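The chain below stands alone, shown as C-alpha cells; this is the form deposited without the partner chain.
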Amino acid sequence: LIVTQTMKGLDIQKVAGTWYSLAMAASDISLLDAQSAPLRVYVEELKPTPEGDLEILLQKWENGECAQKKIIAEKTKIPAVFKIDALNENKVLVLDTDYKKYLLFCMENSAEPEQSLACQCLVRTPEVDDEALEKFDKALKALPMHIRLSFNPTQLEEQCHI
C-alpha cells in the first residue's frame, strides 16, 4: 500500500470513452525512460463492463513498432481499486476524476517490498490542461517519483505519442 489517495464515490461507468495520457510519472527512471519501457503505455479508451470490470485499450511500443493492446482490470471490493491479471498482482487505483476532463490513476507492484509505481494524468482532449497537471503534481508530491514525462498536443494525436 504506497498510494493512499483514492476517489471517493467513483462511478466507474462514467469513465467510459476516449482518453489521452497527457503526463506520466514513475518511481524508477527505467520504468518510463526508453520508448519500449515496460510501463510506457498510452491510454486510448476505457470500456467499463456491466459487472463493473474495466477493459483498457492502449498503445505500447514493442519490437520497433507501436502495438495496440487490450487489458482487463478486474474490480475489487473497493470501487476505486482494480487488479490486472499478470504474473505478479498489479493494482490500479483511481486517485481522482471529474469524468468530463481529467482522471488521475496509479498502478503499483503489490510486493517488492519497496515496489514500483507509475501514475498518469489522463484527459479527454488533446490539449494541455494545466489545472489537471497541477492536480497530478500535487497528488504525486508525497510519492517517491524519479521520472516525469508530459506530451504536447501534436504528440497526443500520434500513435505512441511520436
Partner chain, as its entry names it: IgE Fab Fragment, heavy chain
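Positions refer to the first chain, counted from 1. Under this definition, the rigid core comprises the largest set of C-alpha atoms superposing within 1.5 Å between the forms.
Unshown form deposited with the partner chain bound; subsequent notes refer to it.
- Though the partner is left out of this view, residue 43 does reach within 4.5 Å of the partner chain in the bound PDB entry, counting heavy atoms only.
- Interface membership of residue 53, defined by any non-hydrogen atom within 4.5 Å of the partner chain in the bound PDB entry, is ruled out.
- Within this chain, residue 49 is remote from the site of the partner chain in the bound PDB entry, having no heavy atom within 4.5 Å.
- Residues 18, 19, 20 are the ones in 11 to 26 with at least one heavy atom within 4.5 Å of the partner chain in the bound PDB entry, listed in sequence order.
- Among the residues 33, 137, 55, 112, the single one whose Cα moves by at least 2 Å between the shown form and the other one, once the core is superposed, is 112.
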